[PDB]
Structure formats: structure tokens, C-alpha cells
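# what would the 3D arrangement of this be:
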Amino acid sequence: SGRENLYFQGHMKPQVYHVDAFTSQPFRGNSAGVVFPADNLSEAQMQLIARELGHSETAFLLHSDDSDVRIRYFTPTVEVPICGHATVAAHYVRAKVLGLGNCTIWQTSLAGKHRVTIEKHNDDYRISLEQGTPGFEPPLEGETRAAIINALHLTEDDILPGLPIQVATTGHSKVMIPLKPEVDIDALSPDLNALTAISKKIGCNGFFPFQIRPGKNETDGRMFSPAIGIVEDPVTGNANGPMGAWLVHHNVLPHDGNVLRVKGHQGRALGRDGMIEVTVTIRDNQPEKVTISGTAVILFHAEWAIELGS
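Numbers count the residues shown, from 1 in each chain. Sharing the structure here:
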């Protein structure tokens, strides 16, 4: 049963998958590694593997007693609690390998417990991640506002009217920067140092300038986080998830049911286009909770040719 499963995840030869998340187009989206089983691996070995692969992050699948699966996420230099694109990549590989079909499962990580939805359709899969409740910090103003706006080489004439530049979150905060549609978003070339400078002043390592497609509930954004290693992440679930919540919170986009659906595009300027389906369940015209969804494509997978363990 659950004892036989743990025995296998400790005696089977480890494998590695290379997948591009939030896209079905090879070489696009956000790439992430997935290695399993990892039960017979040390925090050190895992960190060494993530450094070897070089993806923004590699997900390691472990055995879980209460949940369906335990995942640990590693950047090439440090472990991280949870990661959006690496998570969809992980469950995409897990669905392919096990031929899961439509269902819902629970994962466990330093970020706690999360439910994931797997939807089979024409040989492929769409992965849904229930991010939970969103949060907003007081709108950034005065000198800081102008600091963020100037670091992007833009003027107040470029920001959507009546909308604030503020930190929104569903786990890993990001500063929402609402741009008018005329702004050439791909031509943006921020003053990276100025951004990390203000990230230390406000306590948010991510800036998310985005614009809304005319007459559509779709967006195009770019995620800059120079304060940390990542200069620009191709497609960020922790940016688009809170964006949708932010959209509902400020009634920026019209919603009819008890839900708001937004297709968040990202990564075009990087040549790594991706798309995250953001669905916000609404109650009392407020963003109750956020779910992000996307697909992925496996570039290749292989059984490690070297022994893994100590």
C-alpha cells in the first residue's frame, strides 16, 4: 500500500525530465527540471543536481504519508519552499508517467499543503494549482512610486489612471505596475540597480509591469527581480496569480459569475513565450482565492547514468 510505495521510491533508479512549463511549444515558457524518486537523495545531492541542471529550479518528487506527493524545489544555489512553474512541470511529468487522467491530488512542501487539478484532454494535460487567498500591501506612493516609474524609464502618462502601483501576493509578493496599452512593453529595459535598490526599501524582490489586451480579459507582463539572481523570469505564476486577484480587488476587469478568468501572457521579449490561465473565485466582489493553470511540454527524460546516493 503506502509502505510498498516507499520501498519502490528508494530502490528504483532515479530519472530526470526536462520540461518547459506554461507552454506546449518546445524551447518556450519557463523550463524546470523534475527528478524522481528523490527519497534516497540528500539535501546536498539535490542541491548539487539542481546546480548541474541549471534550470531556474528543479523539483524533486518524494514520498508522502498524508498527501499524494511531496516535492522539494531547488534553485541552482539554494532550496525554495515552492515554485509555480516547477510545480506544474512536476505534476505534468507525474501525470504523463502514471497516465493519471482527470483527478485532483494533494502535494506537500515547505509551503504547506496544496491541491492540484489534472485535466486530461486529447493526449495532453492541463495542470491547475490552488494558490489560496491573496493579499495586498498599502499602495506605494510619493517618492517610491516615482522611483519605480522612473526605473522603468516611463512617466505617469504611462500608468493606467486611478490605479495604484502596489504589492500583491499569493505567496511571493510582487509589485503590480499597471501600464497603458500603448506602452511598448517588450522594449522595456529597466535600470536594474535602481530596482534592487527599491526592493530593499520596500521589501519586495519582484516588479510586474503588465498591460491588458484591448477588449479582452488577457494580459501581457514581464517579471523583473534583479534584487535576487533572476534578471527576468519568463513566466511567473506568483506574479500572474496575484495579478488576477489584484484585478478583481480594483475592479479593473469585468466579471459576471462568481469568477474572473484572465489569460496572463509573459515571456515574449525573452523569446520564451508562456501563458498562465488565472481564475479567481469571487465573493462579495472580493478575490476569495486564486487558482493558476497551464500546460507543459517534455523535451526529454532519462534514467540517470550515474549512481545517486551516499
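# where does residue 193 land in three-state SS?
Under DSSP: H, G, I helix; E, B strand; the rest coil, residue 193 falls in the helix class.
# which element is the closest residue in space to it that isn't next to it in sequence on?
Nearest residue to residue 193, sequence neighbours excluded (CB to CB, 6 or more residues apart in numbering): residue 226, at 7.5 Å. In this view, the C-beta of every residue, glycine as well, is placed from N, C-alpha and C. Assigned by DSSP states H and E, residue 226 falls within no helix or strand.
# check contacts around residue 226.
Contact partners of residue 226, counting by CB atoms under 8 Å, 6 or more residues apart in numbering, are 190, 192-193, 195-196, 199.
# just residue 242 next, same as before
Neighbour list for residue 242: 134-135, 168-170, 173-174, 176, 290 [criterion: CB under 8 Å, 6+ apart].
# kindly report the same for residue 40.
Here residue 40 is in contact with 9-11, 14, 308-309 (CB under 8 Å, 6+ apart).
# mind listing what the one helix or strand residue 276 maps to pairs with, with the direction of each?
Following DSSP H and E, one finds residue 276 within strand 274-283. Strand 274-283 pairs in its sheet with strand 259-266 (antiparallel), strand 286-294 (antiparallel), by DSSP bridges.
# list the buried ones in it?
Within strand 274-283, the residues that qualify as buried are 274-280, 282, counting by 16 or more other CB atoms under 10 Å.
# need the residues that contact it.
Strand 274-283 has contacts (CB under 8 Å, 6+ apart) with 21-23, 28-30, 84, 126, 234-235, 237, 240-241, 243-245, 247-248, 255, 257-267, 287-294.
# apply 7 Å and report the result again.
Here strand 274-283 makes contact (CB atoms under 7 Å, 6 or more residues apart in numbering) with 22-23, 28-30, 234-235, 237, 240-241, 243-245, 248, 255, 258-267, 287-294.
# buried ones among those?
Neighbour-count burial (16+ other CB under 10 Å) applied to the contacts of strand 274-283 gives 22-23, 28-30, 234-235, 237, 240-241, 243-245, 248, 255, 260-267, 287-294.
# got the domain ranges for this structure?
1-132+296-310, 133-295 (curated CATH domains).
# how far does the longest one sit from its chain's centre?
Here domain 133-295 is found 13 Å from its chain centre; the criterion is CA atoms, centre = their mean, to the nearest Å.
# next, the distance between the ends of it.
Using CA to CA, to the nearest Å, one end of domain 133-295 lies 23 Å from the other.
# how about residue 20: what's its closest non-neighbour residue?
residue 29 (4.2 Å).
# same question, residue 13
Take residue 13 and drop its neighbours on the chain: the residue closest to it by CB to CB, 6+ apart is residue 303, 5.3 Å away.
# so how far is residue 16 from the one you found?
The spacing between residue 303 and residue 16, counted by CB to CB, to the nearest Å, is 8 Å.
# neighbour count for these two, which is higher?
Each of residue 303 and residue 16 has its neighbours counted (other CB atoms under 10 Å); residue 16 has more, 19 against 9.
# quick one: neighbours of the nearest residue to residue 164 once chain neighbours are set aside, just the number.
Excluding the flanking residues, the one nearest residue 164 by CB to CB, 6+ apart is residue 139, at 3.3 Å. Neighbourhood size, residue 139 [other CB under 10 Å]: 13.
# need the contact list for residue 139.
Applying CB under 7 Å, 6+ apart, we find residue 139 in contact with 164-166.
# need phi/psi at it.
Torsion angles at residue 139 (phi, psi; degrees, to the nearest 10) stand at phi -50, psi 140.
# residue 99 too?
Per-residue torsions, residue 99: phi 60, psi 50 (degrees, to the nearest 10).
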